[PDB]
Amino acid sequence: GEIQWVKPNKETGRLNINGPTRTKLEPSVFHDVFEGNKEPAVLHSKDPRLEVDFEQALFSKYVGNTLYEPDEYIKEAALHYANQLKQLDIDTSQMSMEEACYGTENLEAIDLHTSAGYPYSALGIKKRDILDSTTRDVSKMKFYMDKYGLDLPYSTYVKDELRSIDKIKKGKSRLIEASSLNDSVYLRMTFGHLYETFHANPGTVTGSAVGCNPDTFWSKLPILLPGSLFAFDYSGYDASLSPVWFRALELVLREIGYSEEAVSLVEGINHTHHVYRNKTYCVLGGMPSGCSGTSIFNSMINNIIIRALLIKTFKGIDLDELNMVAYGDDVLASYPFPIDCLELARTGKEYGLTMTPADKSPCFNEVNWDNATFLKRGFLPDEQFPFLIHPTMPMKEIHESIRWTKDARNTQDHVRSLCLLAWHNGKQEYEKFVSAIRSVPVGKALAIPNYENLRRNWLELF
């Protein structure tokens, strides 16, 4: 992606959009019990912790664009992925505004706890003022779809969250692009059934993990991904995407049967307009992280990317022997012979993609099941039942989370969730974690799950 221009709002006639400037995060009662290196992200240009210009660092992620149109590898790549999707039988027909607004068995309803975006969020109009769970009213939606139209600008905000000390020094917080309610509704009408099918089918047919439950899914992955593993990381994935990948996505949607009216909506996320504070800017390429379909479209494009890199990097690649699952930019894949990712990374460079060794490794090493990660979790065979696989969130990560809160009223639920993650690391690690919690007065007031109870419930899942 690449910023095409920046203009003052006066010049463009867009309302200003300001976000909160102080973090909601505060040190928790456990802050000094556990070690950790993360602090709330820089939210303000005048943050004492900064070491660079804030706004400069914020938009450095739009590194630029290489290809605008598909070459032959990408075309073949897209067609291979699109054919594989055909067996899913995605319903290319348009979903109903009520279903799109209020949800289905495989698609959650539009979030009403959350901003309506441009221009409502500056006219003091909340989504609860337009929709109603209990009515399933679509009557006010239709009205505002007509008053304000589609292709409304995204509203740029900085993300309030823990970040490592380095990224706080270097001002590399993340940006969130608030969609307009109008475009969410309409994208959900055009692609709702695709979303539904994807959510229902995590695995190697969709090539996607959206909708997986790591407790159970992790036992399936070494069967779905047989042979030699490969993996790697992306830097600035969403923003590094050139328009060719949106052209490639259009190819897939077409091949599985979407109308041209449906396929036309892709250009409206490849080319977007954003308001940050008092300015308007234009972005070409780059996924707008905050549009409907963000996780799924990023995942689909990733499926195209991997295929294209393989056949352009190596000779004799049979794409039918590829197995992969993606969650946005996160990927785990296998092939019947080892794949050198150093060479894939070099081809990736020509495509404007920056690919690094899996898991912040210094160099591209071998990936096996003992050191692979996915959604940050390792893979650890159960000592009693080795075919049952524990997802393992690292204790270091869990320590970072517990050292802060945004609202100490819900401390019980926070610590419980971490316990659900911790116990997979084993009895010894879990009792060490629990007893550190107990070492402090509110720690003795919490209801903490029993290890063998967690385990027994896990086994019952099968």
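Whichever C-alpha set is largest while still superposing within 1.5 Å between the two forms counts as the rigid core. Counting begins at 1, following the sequence as shown.
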query: Greater root mean square CA deviation, 329 to 337 compared with 350 to 358 in 5 other deposited structures of this protein, core aligned; finding: 350 to 358
query: Greater mean Cα temperature factor according to the PDB record, 206 to 214 or 357 to 365; finding: 357 to 365
query: Residue stretch of maximal mean CA temperature factor, 142 to 150 vs 225 to 233; finding: 142 to 150
query: Which of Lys220, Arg136, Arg377, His390 ranks first by CA B-factor in the deposited coordinates; finding: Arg136
query: Top Cα B factor in the deposited entry, candidates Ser401, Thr411, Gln56, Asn425; finding: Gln56
query: Relative C-alpha B-factor of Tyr120, binned into the chain's lowest, middle or highest third; finding: highest
query: Third of the chain, ranked by Cα B-factor, where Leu43 sits; finding: highest
query: Modelled-residue ranking by C-alpha temperature factor, third containing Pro27; finding: middle
query: Relative C-alpha B-factor of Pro288, binned into the chain's lowest, middle or highest third; finding: middle
query: Chain-wide C-alpha B factor ranking for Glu429, given as lowest, middle or highest third; finding: middle
